[PDB]
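Quick look at protein29.csv (CSV, C-alpha atoms and all ligand atoms):
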```
chain,number,residue,atom,x,y,z
A,1,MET,CA,-93.5,-88.0,50.4
A,2,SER,CA,-89.8,-87.6,49.6
A,3,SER,CA,-89.7,-90.6,47.2
A,4,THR,CA,-92.9,-89.7,45.3
A,5,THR,CA,-91.9,-86.1,44.8
A,6,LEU,CA,-88.4,-87.2,43.6
A,7,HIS,CA,-90.0,-89.9,41.3
A,8,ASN,CA,-91.9,-87.1,39.5
A,9,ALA,CA,-88.7,-85.0,39.2
A,10,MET,CA,-86.9,-88.1,37.9
A,11,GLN,CA,-89.4,-88.6,35.1
A,12,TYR,CA,-88.8,-85.0,33.9
A,13,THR,CA,-85.0,-85.3,33.9
A,14,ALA,CA,-85.2,-88.7,32.2
A,15,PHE,CA,-87.5,-87.3,29.5
A,16,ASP,CA,-85.1,-84.3,29.0
A,17,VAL,CA,-82.0,-86.4,28.8
A,18,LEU,CA,-83.4,-89.1,26.6
A,19,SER,CA,-85.1,-86.5,24.3
A,20,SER,CA,-81.8,-84.6,24.0
A,21,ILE,CA,-79.8,-87.7,23.1
A,22,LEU,CA,-82.4,-88.9,20.6
A,23,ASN,CA,-82.7,-85.5,19.0
A,24,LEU,CA,-79.0,-85.5,18.1
A,25,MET,CA,-79.3,-89.1,16.8
A,26,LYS,CA,-81.9,-88.0,14.3
A,27,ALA,CA,-79.2,-85.6,12.9
A,28,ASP,CA,-77.0,-88.7,12.2
A,29,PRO,CA,-77.2,-90.1,8.7
A,30,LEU,CA,-77.2,-93.6,10.2
A,31,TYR,CA,-80.5,-92.8,11.9
A,32,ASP,CA,-82.8,-94.7,9.4
A,33,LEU,CA,-81.7,-98.1,10.8
A,34,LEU,CA,-84.1,-100.1,8.6
A,35,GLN,CA,-82.5,-99.0,5.4
A,36,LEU,CA,-79.0,-100.2,6.2
A,37,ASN,CA,-77.2,-103.3,4.8
A,38,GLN,CA,-79.3,-103.1,1.6
A,39,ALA,CA,-77.2,-105.5,-0.3
A,40,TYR,CA,-77.8,-108.1,2.4
A,41,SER,CA,-81.1,-107.4,4.0
A,42,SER,CA,-84.4,-105.5,3.8
A,43,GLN,CA,-86.4,-103.0,5.9
A,44,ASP,CA,-88.7,-105.7,7.3
A,45,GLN,CA,-85.7,-108.1,8.0
A,46,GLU,CA,-83.7,-105.3,9.7
A,47,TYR,CA,-86.7,-104.6,11.9
A,48,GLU,CA,-87.0,-108.2,12.9
A,49,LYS,CA,-83.3,-108.7,13.4
A,50,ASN,CA,-82.9,-105.6,15.6
A,51,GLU,CA,-85.9,-106.6,17.6
A,52,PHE,CA,-84.5,-110.2,17.8
A,53,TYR,CA,-81.3,-108.8,19.3
A,54,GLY,CA,-82.8,-106.0,21.3
A,55,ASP,CA,-85.1,-108.5,23.1
A,56,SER,CA,-82.1,-110.5,24.4
A,57,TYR,CA,-80.0,-107.4,25.1
A,58,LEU,CA,-82.7,-105.9,27.2
A,59,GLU,CA,-83.3,-109.2,28.9
A,60,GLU,CA,-79.7,-109.6,29.9
A,61,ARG,CA,-79.3,-106.0,31.2
A,62,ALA,CA,-82.6,-106.2,33.1
A,63,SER,CA,-81.4,-109.4,34.7
A,64,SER,CA,-78.1,-107.8,35.7
A,65,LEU,CA,-79.9,-104.8,37.4
A,66,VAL,CA,-82.3,-107.1,39.2
A,67,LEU,CA,-79.4,-109.0,40.7
A,68,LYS,CA,-77.5,-105.7,41.4
A,69,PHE,CA,-80.2,-104.3,43.7
A,70,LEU,CA,-82.0,-107.4,45.2
A,71,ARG,CA,-79.0,-109.6,46.2
A,72,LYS,CA,-78.1,-107.0,48.9
A,73,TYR,CA,-81.3,-107.9,50.8
A,74,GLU,CA,-81.5,-111.5,51.9
A,75,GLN,CA,-85.1,-110.9,53.0
A,76,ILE,CA,-86.2,-110.8,49.3
A,77,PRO,CA,-87.2,-114.2,47.9
A,78,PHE,CA,-86.3,-115.4,44.5
A,79,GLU,CA,-89.9,-115.0,43.3
A,80,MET,CA,-89.3,-111.2,43.2
A,81,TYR,CA,-86.2,-111.6,41.0
A,82,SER,CA,-88.2,-113.3,38.2
A,83,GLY,CA,-91.2,-111.2,39.0
A,84,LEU,CA,-89.3,-108.0,38.6
A,85,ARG,CA,-87.6,-109.1,35.4
A,86,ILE,CA,-91.0,-110.2,33.9
A,87,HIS,CA,-92.5,-106.8,34.9
A,88,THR,CA,-89.6,-105.0,33.4
A,89,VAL,CA,-89.5,-106.6,29.9
A,90,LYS,CA,-93.3,-107.0,29.3
A,91,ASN,CA,-94.9,-105.1,26.5
A,92,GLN,CA,-97.1,-103.0,28.8
A,93,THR,CA,-94.0,-101.7,30.6
A,94,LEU,CA,-92.2,-101.0,27.3
A,95,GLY,CA,-95.4,-99.3,26.0
A,96,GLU,CA,-95.5,-97.0,29.1
A,97,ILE,CA,-91.9,-95.9,28.3
A,98,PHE,CA,-92.9,-95.5,24.6
A,99,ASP,CA,-95.6,-93.1,25.8
A,100,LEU,CA,-93.5,-91.3,28.4
A,101,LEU,CA,-90.9,-90.5,25.7
A,102,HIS,CA,-93.5,-89.6,23.0
A,103,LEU,CA,-91.9,-92.0,20.5
A,104,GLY,CA,-95.1,-92.1,18.5
A,110,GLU,CA,-100.6,-100.9,19.6
A,111,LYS,CA,-99.9,-102.5,23.0
A,112,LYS,CA,-97.8,-105.1,21.3
A,113,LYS,CA,-96.3,-102.8,18.6
A,114,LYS,CA,-95.0,-100.4,21.2
A,115,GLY,CA,-93.0,-103.0,23.0
A,116,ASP,CA,-91.7,-104.5,19.7
A,117,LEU,CA,-90.7,-101.0,18.5
A,118,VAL,CA,-88.8,-100.2,21.7
A,119,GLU,CA,-87.0,-103.6,21.5
A,120,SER,CA,-86.1,-103.0,17.8
A,121,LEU,CA,-84.8,-99.6,18.7
A,122,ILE,CA,-82.7,-100.9,21.5
A,123,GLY,CA,-81.2,-103.6,19.3
A,124,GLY,CA,-80.8,-101.4,16.3
A,125,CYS,CA,-78.9,-98.8,18.4
A,126,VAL,CA,-76.6,-101.4,20.0
A,127,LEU,CA,-75.8,-103.1,16.7
A,128,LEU,CA,-75.2,-99.8,15.0
A,129,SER,CA,-72.6,-98.9,17.6
A,130,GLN,CA,-70.8,-102.2,16.9
A,131,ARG,CA,-70.8,-101.9,13.1
A,132,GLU,CA,-70.3,-98.2,12.7
A,133,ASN,CA,-69.1,-95.3,14.9
A,134,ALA,CA,-72.4,-94.5,16.7
A,135,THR,CA,-71.3,-94.3,20.3
A,136,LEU,CA,-74.2,-91.8,20.8
A,137,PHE,CA,-76.5,-94.7,19.8
A,138,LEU,CA,-75.0,-97.0,22.4
A,139,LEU,CA,-75.3,-94.2,25.0
A,140,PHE,CA,-79.0,-93.9,24.1
A,141,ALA,CA,-79.6,-97.6,24.4
A,142,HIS,CA,-78.0,-97.8,27.8
A,143,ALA,CA,-79.9,-94.8,29.1
A,144,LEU,CA,-83.2,-96.1,27.7
A,145,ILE,CA,-82.8,-99.5,29.4
A,146,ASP,CA,-81.8,-97.7,32.7
A,147,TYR,CA,-85.0,-95.7,32.5
A,148,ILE,CA,-87.0,-98.8,31.7
A,149,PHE,CA,-85.6,-100.5,34.8
A,150,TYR,CA,-86.2,-97.5,37.1
A,151,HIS,CA,-89.7,-97.0,35.8
A,152,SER,CA,-90.5,-100.7,36.2
A,153,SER,CA,-88.9,-101.3,39.6
A,154,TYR,CA,-90.5,-98.2,41.1
A,155,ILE,CA,-93.9,-99.4,40.0
A,156,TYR,CA,-93.2,-103.1,40.9
A,157,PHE,CA,-92.0,-102.4,44.4
A,158,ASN,CA,-94.9,-100.1,45.1
A,159,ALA,CA,-97.3,-102.9,44.1
A,160,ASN,CA,-95.1,-105.6,45.8
A,161,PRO,CA,-93.3,-104.1,48.8
A,162,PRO,CA,-90.6,-106.4,50.1
A,163,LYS,CA,-90.5,-107.1,53.8
A,164,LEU,CA,-89.1,-104.1,55.7
A,165,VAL,CA,-86.8,-102.9,53.1
A,166,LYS,CA,-89.1,-101.3,50.5
A,167,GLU,CA,-88.2,-97.7,51.1
A,168,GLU,CA,-84.5,-98.5,51.2
A,169,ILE,CA,-84.4,-100.4,47.9
A,170,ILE,CA,-86.5,-97.6,46.3
A,171,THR,CA,-83.9,-95.2,47.6
A,172,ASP,CA,-81.0,-97.4,46.2
A,173,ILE,CA,-82.6,-97.5,42.8
A,174,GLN,CA,-83.5,-93.7,42.8
A,175,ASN,CA,-80.0,-92.7,43.9
A,176,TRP,CA,-78.5,-95.1,41.3
A,177,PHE,CA,-80.7,-93.6,38.5
A,178,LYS,CA,-80.1,-90.0,39.5
A,179,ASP,CA,-76.4,-90.7,39.1
A,180,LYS,CA,-76.9,-92.4,35.7
A,181,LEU,CA,-78.9,-89.4,34.5
A,182,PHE,CA,-76.1,-87.1,35.6
A,183,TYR,CA,-73.6,-89.4,33.8
A,184,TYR,CA,-75.7,-89.5,30.7
A,185,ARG,CA,-76.2,-85.7,30.7
A,186,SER,CA,-72.5,-85.0,31.2
A,187,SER,CA,-71.6,-87.5,28.5
A,188,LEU,CA,-74.1,-85.8,26.1
A,189,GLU,CA,-72.7,-82.3,26.7
A,190,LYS,CA,-69.1,-83.5,26.3
A,191,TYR,CA,-70.1,-85.3,23.0
A,192,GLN,CA,-71.9,-82.1,21.9
A,193,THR,CA,-69.3,-79.6,23.1
A,194,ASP,CA,-66.9,-81.5,20.8
B,2,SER,CA,-63.7,-132.7,4.6
B,3,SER,CA,-66.2,-130.8,6.9
B,4,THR,CA,-67.3,-134.0,8.8
B,5,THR,CA,-63.6,-135.0,9.5
B,6,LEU,CA,-63.1,-131.5,11.0
B,7,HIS,CA,-66.3,-132.0,13.0
B,8,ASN,CA,-65.3,-135.1,14.8
B,9,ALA,CA,-61.8,-133.7,15.5
B,10,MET,CA,-63.6,-130.5,16.7
B,11,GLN,CA,-65.6,-132.4,19.4
B,12,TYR,CA,-62.4,-134.0,20.6
B,13,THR,CA,-60.6,-130.7,21.0
B,14,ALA,CA,-63.6,-128.9,22.5
B,15,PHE,CA,-63.9,-131.5,25.2
B,16,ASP,CA,-60.2,-131.2,26.0
B,17,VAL,CA,-60.0,-127.4,26.0
B,18,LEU,CA,-63.2,-127.1,28.1
B,19,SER,CA,-62.2,-129.8,30.5
B,20,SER,CA,-58.7,-128.3,30.8
B,21,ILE,CA,-60.1,-124.9,31.7
B,22,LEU,CA,-62.7,-126.3,34.0
B,23,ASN,CA,-60.0,-128.3,35.9
B,24,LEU,CA,-58.1,-125.1,36.6
B,25,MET,CA,-61.2,-123.4,37.8
B,26,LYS,CA,-61.8,-126.2,40.3
B,27,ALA,CA,-58.4,-125.5,41.8
B,28,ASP,CA,-59.5,-121.9,42.4
B,29,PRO,CA,-61.2,-121.3,45.8
B,30,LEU,CA,-63.8,-119.2,43.9
B,31,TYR,CA,-65.2,-122.3,42.4
B,32,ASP,CA,-66.9,-123.1,45.7
B,33,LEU,CA,-69.1,-120.0,45.4
B,34,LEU,CA,-70.8,-121.5,42.4
B,35,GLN,CA,-72.7,-123.8,44.8
B,36,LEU,CA,-73.4,-126.3,42.1
B,37,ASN,CA,-74.4,-128.7,44.9
B,38,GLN,CA,-77.6,-126.7,45.1
B,39,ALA,CA,-78.8,-128.4,41.9
B,40,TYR,CA,-80.0,-131.2,44.2
B,41,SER,CA,-81.5,-129.0,46.9
B,42,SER,CA,-84.7,-127.2,47.6
B,43,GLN,CA,-82.6,-124.6,49.3
B,44,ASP,CA,-81.0,-123.4,46.0
B,45,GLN,CA,-81.2,-119.6,46.1
B,46,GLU,CA,-77.7,-118.7,44.9
B,47,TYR,CA,-77.9,-121.5,42.3
B,48,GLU,CA,-81.3,-120.2,41.0
B,49,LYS,CA,-79.9,-116.6,40.8
B,50,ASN,CA,-76.9,-117.7,38.7
B,51,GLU,CA,-79.3,-119.7,36.6
B,52,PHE,CA,-81.6,-116.6,36.4
B,53,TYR,CA,-78.7,-114.5,35.0
B,54,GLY,CA,-77.0,-117.3,33.0
B,55,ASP,CA,-80.2,-117.8,31.0
B,56,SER,CA,-80.2,-114.2,29.9
B,57,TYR,CA,-76.5,-114.1,29.2
B,58,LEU,CA,-76.7,-117.2,27.0
B,59,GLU,CA,-79.7,-115.8,25.2
B,60,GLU,CA,-77.8,-112.5,24.4
B,61,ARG,CA,-74.5,-114.2,23.4
B,62,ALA,CA,-76.4,-116.7,21.2
B,63,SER,CA,-78.4,-113.9,19.6
B,64,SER,CA,-75.2,-112.1,18.9
B,65,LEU,CA,-73.6,-115.2,17.3
B,66,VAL,CA,-76.8,-115.9,15.2
B,67,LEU,CA,-76.6,-112.4,13.8
B,68,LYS,CA,-72.8,-112.8,13.3
B,69,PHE,CA,-73.0,-115.7,10.9
B,70,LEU,CA,-76.4,-115.4,9.3
B,71,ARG,CA,-76.5,-111.7,8.3
B,72,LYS,CA,-73.9,-112.0,5.6
B,73,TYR,CA,-76.3,-114.5,3.8
B,74,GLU,CA,-79.3,-112.7,2.4
B,75,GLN,CA,-80.5,-116.1,1.2
B,76,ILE,CA,-81.3,-117.0,4.9
B,77,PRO,CA,-84.8,-115.8,6.0
B,78,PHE,CA,-85.5,-114.4,9.4
B,79,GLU,CA,-87.3,-117.6,10.5
B,80,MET,CA,-83.9,-119.3,10.6
B,81,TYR,CA,-82.6,-116.7,13.0
B,82,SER,CA,-85.2,-117.4,15.6
B,83,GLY,CA,-85.2,-121.1,14.6
B,84,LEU,CA,-81.4,-121.3,15.3
B,85,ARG,CA,-81.6,-119.4,18.5
B,86,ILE,CA,-84.4,-121.6,19.9
B,87,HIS,CA,-82.5,-124.7,18.8
B,88,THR,CA,-79.4,-123.4,20.5
B,89,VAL,CA,-80.7,-122.3,24.0
B,90,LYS,CA,-83.4,-125.0,24.4
B,91,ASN,CA,-83.0,-127.5,27.2
B,92,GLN,CA,-82.4,-130.4,24.9
B,93,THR,CA,-79.3,-128.8,23.3
B,94,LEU,CA,-77.9,-127.8,26.7
B,95,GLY,CA,-78.4,-131.4,27.9
B,96,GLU,CA,-76.3,-132.8,25.0
B,97,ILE,CA,-73.5,-130.4,25.9
B,98,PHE,CA,-73.8,-131.5,29.6
B,99,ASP,CA,-73.5,-135.2,28.5
B,100,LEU,CA,-70.6,-134.4,26.0
B,101,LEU,CA,-68.6,-132.8,28.8
B,102,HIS,CA,-69.7,-135.4,31.5
B,103,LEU,CA,-70.7,-132.6,33.8
B,104,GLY,CA,-72.6,-134.9,36.0
B,105,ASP,CA,-74.4,-138.3,35.9
B,106,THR,CA,-76.0,-138.7,32.5
B,107,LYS,CA,-78.8,-140.8,34.0
B,108,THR,CA,-79.8,-140.0,37.6
B,109,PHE,CA,-79.6,-136.3,36.6
B,110,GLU,CA,-82.7,-134.9,35.0
B,111,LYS,CA,-83.0,-133.5,31.5
B,112,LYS,CA,-84.3,-130.0,32.5
B,113,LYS,CA,-81.8,-130.2,35.4
B,114,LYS,CA,-79.0,-130.6,32.9
B,115,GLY,CA,-79.9,-127.4,31.1
B,116,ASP,CA,-80.5,-125.6,34.4
B,117,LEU,CA,-77.0,-126.5,35.6
B,118,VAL,CA,-75.4,-125.4,32.3
B,119,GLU,CA,-77.2,-122.1,32.6
B,120,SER,CA,-76.3,-121.7,36.3
B,121,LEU,CA,-72.7,-122.5,35.6
B,122,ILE,CA,-72.6,-119.9,32.8
B,123,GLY,CA,-74.2,-117.3,35.0
B,124,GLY,CA,-72.1,-118.0,38.1
B,125,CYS,CA,-68.9,-117.8,36.0
B,126,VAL,CA,-69.8,-114.4,34.5
B,127,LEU,CA,-70.8,-113.0,37.9
B,128,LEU,CA,-67.6,-114.2,39.4
B,129,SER,CA,-65.5,-112.5,36.7
B,130,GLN,CA,-67.4,-109.2,37.4
B,131,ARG,CA,-67.3,-109.4,41.2
B,132,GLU,CA,-64.0,-111.1,41.8
B,133,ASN,CA,-61.9,-110.4,38.6
B,134,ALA,CA,-61.9,-114.1,37.9
B,135,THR,CA,-61.0,-113.9,34.3
B,136,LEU,CA,-60.5,-117.6,33.9
B,137,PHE,CA,-64.2,-118.0,34.8
B,138,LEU,CA,-65.1,-115.5,32.1
B,139,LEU,CA,-62.9,-117.4,29.6
B,140,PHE,CA,-64.8,-120.6,30.4
B,141,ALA,CA,-68.3,-119.0,30.0
B,142,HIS,CA,-67.3,-117.7,26.6
B,143,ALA,CA,-65.8,-121.0,25.5
B,144,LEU,CA,-68.8,-123.0,26.7
B,145,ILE,CA,-71.3,-120.8,24.9
B,146,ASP,CA,-69.1,-121.0,21.8
B,147,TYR,CA,-69.3,-124.8,21.9
B,148,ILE,CA,-73.0,-124.7,22.5
B,149,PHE,CA,-73.5,-122.5,19.5
B,150,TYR,CA,-71.1,-124.6,17.3
B,151,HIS,CA,-72.8,-127.9,18.3
B,152,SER,CA,-76.3,-126.4,17.7
B,153,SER,CA,-75.5,-124.6,14.4
B,154,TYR,CA,-73.8,-127.7,12.9
B,155,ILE,CA,-76.9,-129.8,13.6
B,156,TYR,CA,-79.4,-127.1,12.7
B,157,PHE,CA,-78.1,-126.2,9.3
B,158,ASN,CA,-77.5,-129.9,8.4
B,159,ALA,CA,-81.1,-130.6,9.3
B,160,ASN,CA,-82.4,-127.3,7.8
B,161,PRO,CA,-80.1,-126.5,4.8
B,162,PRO,CA,-80.4,-122.9,3.5
B,163,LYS,CA,-80.7,-122.0,-0.1
B,164,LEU,CA,-77.3,-122.3,-1.9
B,165,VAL,CA,-75.1,-121.6,1.1
B,166,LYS,CA,-75.3,-124.7,3.4
B,167,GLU,CA,-71.7,-125.7,2.9
B,168,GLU,CA,-70.5,-122.1,3.1
B,169,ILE,CA,-72.1,-121.2,6.4
B,170,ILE,CA,-71.0,-124.5,7.9
B,171,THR,CA,-67.5,-123.8,6.8
B,172,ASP,CA,-67.8,-120.4,8.3
B,173,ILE,CA,-68.9,-121.7,11.7
B,174,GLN,CA,-66.4,-124.6,11.7
B,175,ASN,CA,-63.4,-122.3,10.8
B,176,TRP,CA,-64.5,-119.8,13.4
B,177,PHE,CA,-64.8,-122.4,16.2
B,178,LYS,CA,-61.4,-123.9,15.3
B,179,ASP,CA,-59.9,-120.4,15.7
B,180,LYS,CA,-61.7,-119.9,19.0
B,181,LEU,CA,-60.4,-123.3,20.3
B,182,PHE,CA,-56.9,-122.2,19.4
B,183,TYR,CA,-57.5,-118.9,21.2
B,184,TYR,CA,-58.9,-120.6,24.3
B,185,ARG,CA,-56.1,-123.2,24.4
B,186,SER,CA,-53.5,-120.4,24.0
B,187,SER,CA,-55.2,-118.2,26.7
B,188,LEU,CA,-55.2,-121.2,29.1
B,189,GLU,CA,-51.5,-121.9,28.5
B,190,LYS,CA,-50.8,-118.2,29.2
B,191,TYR,CA,-52.8,-118.3,32.4
B,192,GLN,CA,-51.4,-121.4,33.9
B,193,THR,CA,-47.7,-120.4,33.6
B,194,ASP,CA,-48.0,-116.9,35.2
B,195,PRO,CA,-51.6,-116.3,36.6
C,1,MN,MN,-88.1,-111.1,20.0
C,2,MN,MN,-90.4,-108.9,20.9
```
Here is a file; write its structure as structure tokens.
Amino acid sequence: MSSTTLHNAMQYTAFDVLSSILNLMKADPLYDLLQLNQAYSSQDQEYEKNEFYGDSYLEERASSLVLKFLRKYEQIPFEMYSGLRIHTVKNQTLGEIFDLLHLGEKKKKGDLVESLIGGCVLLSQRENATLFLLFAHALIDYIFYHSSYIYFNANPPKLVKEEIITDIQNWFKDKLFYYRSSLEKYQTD
Amino acid sequence: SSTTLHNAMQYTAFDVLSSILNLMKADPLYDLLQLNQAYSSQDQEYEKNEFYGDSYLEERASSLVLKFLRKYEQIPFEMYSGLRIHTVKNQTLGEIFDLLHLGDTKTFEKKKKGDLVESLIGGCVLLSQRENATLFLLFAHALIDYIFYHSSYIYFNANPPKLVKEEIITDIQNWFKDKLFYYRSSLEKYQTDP
């Protein structure tokens, strides 16, 4: 009732915030990530390297969020930790996020999302592209919210399902507020 | 020579890492790692640290692979994933376990060695986030640096790239020698005014 109506509202706000961030990224000359470092790499190699890195970066951040929300409830067994992480980084989950954000086949969608995450993070380290790091953080947060909401509806933990859904929804609502306010401050510059 | 620097490097890595680890063991926060749970079927906190340490090692290793290989366009992408796999695989983590004498080298299983290394990494990182135990974060970084150095030295000697074998090995050896100075220096700082 309250959670399923909020979940629908969350998907709209996530789309709006992520679309707004990404629309300003496409104004940046650095946006074509595959054509950088041309004296040292190629388009195909950049795509594999960014996907290589994005894979591990997503994996680490997803692991951190699983711990963040599940360790509070001792009723939850360790199977759900690995279960949730697997559910969060699998290509089907990433492809759903691909579709929700209208980024553009099963396997390609996940690879593209991973390459985008990794490319954005690496760009923010090698250039000034703090907007690109903001997008990667918000994209992973939306990936975790999307995954965990689905996962805990299919695999409700003992007694605390609605409370941990509320924790994740409250957390993600605050992140969306933070990402929105960061975007306006960066764009009101 | 590079191999003279290598054998000296393994002496210094053992001493720095053992020196940091000895200070961590004096800290009451070390108890929370529950490394005893490596022998137990009741090993929830140990598995959770291992769960996270696995991912943290993967990301840091990925970052180090990109760091050294991307300046060499001679090196194809297959060596990026080849080096990462060689670095995080259970066999490499076991060799580090044995090099540091973390536990018994015999009545302590092969996969168990890699799991303990991963759990120790994860627990240290989580302790630094939750308890501001910066010495534990220093150790996690130093341990992964040694893991990468040890792995990269063996990998590129076994799989020499085109033209640049010696140059990339010099790159990694010089870097790790600088890290060892940094970790030694950071430790001396910490132990005189924590
Ligand atoms: Mn990958
Ligand atoms: Mn992939």
Point to revise | Residue neighbourhood residue 145 of chain A, 12 Å, all atoms listed in the file, exclusion window fewer than 4 positions, as a ChimeraX atom specification | key: /A:14,18,54-55,57-65,88-89,93-94,97-98,118-119,121-123,125-126,138-141,149-152,177,180-181
Find the residues of chain A that sit at most 8 Å from chain B; for each, write down the nearest two atoms and how far apart they are in Å, to one decimal. Count all atoms listed in the file. Sort by chain, then by number going up, and give it as JSON lines.
```
{"residue": "A:39", "atom": "CA", "partner": "B:74", "partner_atom": "CA", "distance": 8.0}
{"residue": "A:40", "atom": "CA", "partner": "B:74", "partner_atom": "CA", "distance": 4.8}
{"residue": "A:41", "atom": "CA", "partner": "B:74", "partner_atom": "CA", "distance": 5.8}
{"residue": "A:45", "atom": "CA", "partner": "B:78", "partner_atom": "CA", "distance": 6.5}
{"residue": "A:48", "atom": "CA", "partner": "B:78", "partner_atom": "CA", "distance": 7.3}
{"residue": "A:49", "atom": "CA", "partner": "B:78", "partner_atom": "CA", "distance": 7.3}
{"residue": "A:52", "atom": "CA", "partner": "B:63", "partner_atom": "CA", "distance": 7.4}
{"residue": "A:53", "atom": "CA", "partner": "B:63", "partner_atom": "CA", "distance": 5.9}
{"residue": "A:56", "atom": "CA", "partner": "B:60", "partner_atom": "CA", "distance": 4.7}
{"residue": "A:57", "atom": "CA", "partner": "B:60", "partner_atom": "CA", "distance": 5.6}
{"residue": "A:59", "atom": "CA", "partner": "B:56", "partner_atom": "CA", "distance": 6.0}
{"residue": "A:60", "atom": "CA", "partner": "B:56", "partner_atom": "CA", "distance": 4.6}
{"residue": "A:63", "atom": "CA", "partner": "B:53", "partner_atom": "CA", "distance": 5.8}
{"residue": "A:64", "atom": "CA", "partner": "B:53", "partner_atom": "CA", "distance": 6.8}
{"residue": "A:67", "atom": "CA", "partner": "B:49", "partner_atom": "CA", "distance": 7.6}
{"residue": "A:78", "atom": "CA", "partner": "B:45", "partner_atom": "CA", "distance": 6.8}
{"residue": "A:82", "atom": "CA", "partner": "B:52", "partner_atom": "CA", "distance": 7.6}
```
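For the pair atom CA of residue 142 of chain B and atom CA of residue 192 of chain B, the interatomic distance is 17.9 Å.
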Review point. Contacts of residue 36 of chain A at 12 Å or less, counting all atoms listed in the file, minus same-chain residues fewer than 3 places along, as a list in words?
Key: residues 29, 30, 31, 32, 33, 39, 40, 41, 42, 43, 44, 45, 46, 47, 49, 50, 124, 127, 128, 131 and 132 of chain A; 71 of chain B
Check your understanding: atom CA of residue 185 of chain A to atom CA of residue 4 of chain A: how many Å, to one decimal?
Key -> 22.5 Å
Review point. Residues at most 8 Å from segment 93-101 of chain B, counting only C-alpha atoms, excluding those fewer than 6 positions away in the same chain, as JSON, numbers by chain?
Key: {"B": [15, 18, 19, 87, 111, 112, 114, 115, 118, 148, 152]}
